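Q: first chunk of the complex, coordinates as they sit in the assembly:
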Amino acid sequence: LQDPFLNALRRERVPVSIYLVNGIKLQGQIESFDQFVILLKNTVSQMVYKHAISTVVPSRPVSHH
Amino acid sequence: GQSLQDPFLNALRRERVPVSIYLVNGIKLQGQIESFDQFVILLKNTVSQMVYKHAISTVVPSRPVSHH
């Protein structure tokens, strides 16, 4: 599920909120990802460890089918 | 079976039972379990949000649901 969901967000350039386990809310677009990290683009590309993410919330409905 | 987690989540998914998902930082999410895999649960309410299982403390059904 992870891969089609993140790929849809990536492909469609959908703004997302990535909530971290620490409660911090990151915002941007998903640039790329692998099994361990997501690169989130805003003013810079930042590397987010999946182990530190609680939830990825699209700003609008997007199909992952 | 070897897994209890899988029949539990599947029953909640199949019966479209509203759940509360409490995260390790105490935040509460709500919705219906749309799908899940080894690492994540897709929780539906206004959008589908992808919740990492490693960030979940407990999944609490809003009403009794059989997982047998």
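A: Now that the structure is in, tell me what you want to look at. Numbers count the residues shown, from 1 in each chain, chains lettered A, B, ... in the order given.
Q: for chain A, which residues are neighbours of chain B?
A: Within chain A, the positions adjacent to chain B are A:1-2, A:5-6, A:19, A:21-23, A:50-51, A:53-62, A:64 by Cβ under 8 Å from any Cβ of the partner chain. To be clear about C-beta, it is placed using only N, CA and C from the backbone, and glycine gets the same treatment.
Q: show the buried residues in those.
A: Neighbour counting by 16 or more other Cβ atoms under 10 Å in any protein chain shown classes A:1-2, A:5-6, A:19, A:21, A:50, A:53-58, A:64 among those as buried.
Q: among these, which pair sits farthest apart?
A: A:21 and A:64 (22.7 Å; Cβ to Cβ).
Q: residue in chain A nearest to chain B?
A: Closest approach between chain A and chain B, counting by Cβ to the nearest Cβ: residue A:54, at 3.7 Å.
Q: does that residue touch residue B:50 like I think?
A: No. Using Cβ atoms under 8 Å, residue A:54 makes no contact with residue B:50, being 9.9 Å away.
Q: can you tell me the centre-most residue of chain A?
A: residue A:30 (4.9 Å; Cα atoms, centre = their mean).
Q: where does residue A:4 fall, helix, sheet strand or coil?
A: Secondary structure, DSSP: H, G, I helix; E, B strand; the rest coil: residue A:4 is helix.
Q: let's put chain C on the structure above:
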Amino acid sequence: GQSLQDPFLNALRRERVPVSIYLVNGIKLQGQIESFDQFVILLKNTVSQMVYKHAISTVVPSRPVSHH
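A: Following on from the chains above, chain C is added here:
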């Protein structure tokens, strides 16, 4: 057994002992251990809730129970 964890939880399950499960954020869950697998514990109170072991700090029986 091969572990302490399995006979400890099974003794609590079999004897239907009320327990407290303390989560890593500090919150206290209470109920009886219905079942468990490698990753979760099902805790019964008004509903069965699924508790991820990764989110648990301790399991405390409400009264001494032998795990031997």
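Q: pretty sure the residue nearest to the centre of chain A contacts residue A:45?
A: No. Residue A:30 is beyond contact range of residue A:45, at 10.6 Å (criterion: Cβ under 8 Å).
Q: so for the two, which residues contact both of them?
A: Taking Cβ atoms under 8 Å, 6 or more residues apart in numbering or on different chains as the contact rule, residue A:30 and residue A:45 both touch residue A:39.
Q: look up phi and psi at whatever residue of chain A ends up closest to chain C.
A: Among the residues of chain A, residue A:21 lies closest to chain C, at 10.3 Å counting by Cβ to the nearest Cβ. Residue A:21 has phi and psi values of phi -60, psi -20 when expressed as degrees, to the nearest 10.
Q: in this structure it contacts residue B:27, no?
A: No. Contact criterion Cβ under 8 Å: residue A:21 and residue B:27 do not qualify, at 9.5 Å.
Q: residues shared between the contacts of these two?
A: residue A:54.
Q: about what we covered before: which residues touch the residue nearest to the centre of chain A?
A: With Cβ under 8 Å, 6+ apart, residue A:30 has these contacts: A:6, A:9-10, A:14, A:16, A:38-41.
Q: now, of those, which are buried?
A: Judged by 16+ other Cβ under 10 Å, buried ones among those: A:6, A:9-10, A:14, A:16, A:38-40.
Q: now for chain D:
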Amino acid sequence: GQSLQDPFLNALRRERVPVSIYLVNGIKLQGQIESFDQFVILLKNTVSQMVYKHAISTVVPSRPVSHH
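A: Placing chain D onto the earlier chains gives this:
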């Protein structure tokens, strides 16, 4: 032994030294180490409680104890 844990915790167990186990949320537990396995430590006071190692930050003996 397959980690420094093993002799350190076994010394504390065999000598029945009171310990503090500090958890990842800052909580301090106290008791004696009854036993441990790959994933948990059983900590004895009035009851045996099961403490998941993943939730522990430190184990601190109340007085010096050789682990050699």
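Q: bridging residues for the residue nearest to the centre of chain A?
A: Beta-bridge pairing for residue A:30 (DSSP bridges): residue A:40.
Q: please report how far it lies from chain D.
A: 29 Å (Cβ to the nearest Cβ, to the nearest Å).
Q: do the same with residue A:34
A: Applying Cβ to the nearest Cβ to residue A:34 and chain D gives a distance of 25 Å.
Q: quick one: neighbours of that residue, just the number.
A: Around residue A:34 there are 8 other residues, counting by other Cβ atoms under 10 Å in any protein chain shown.
Q: just the one 3 residues further on next, same as before
A: Neighbour count of residue A:37, defined by other Cβ under 10 Å: 16.
Q: quick check, it in contact with residue A:52.
A: No. Counting by Cβ under 8 Å, residue A:37 sits too far from residue A:52 to count as a contact (9.7 Å).
Q: which residues does the nearest residue to residue A:5 once chain neighbours are set aside contact?
A: Ranked by Cβ to Cβ, 6 or more residues apart in numbering or on different chains and with sequence neighbours excluded, the top spatial neighbour of residue A:5 is residue A:64, at 4.3 Å. The contact partners of residue A:64, by Cβ under 8 Å, 6+ apart, come to A:1, A:4-5, A:7-8, B:42, B:48.
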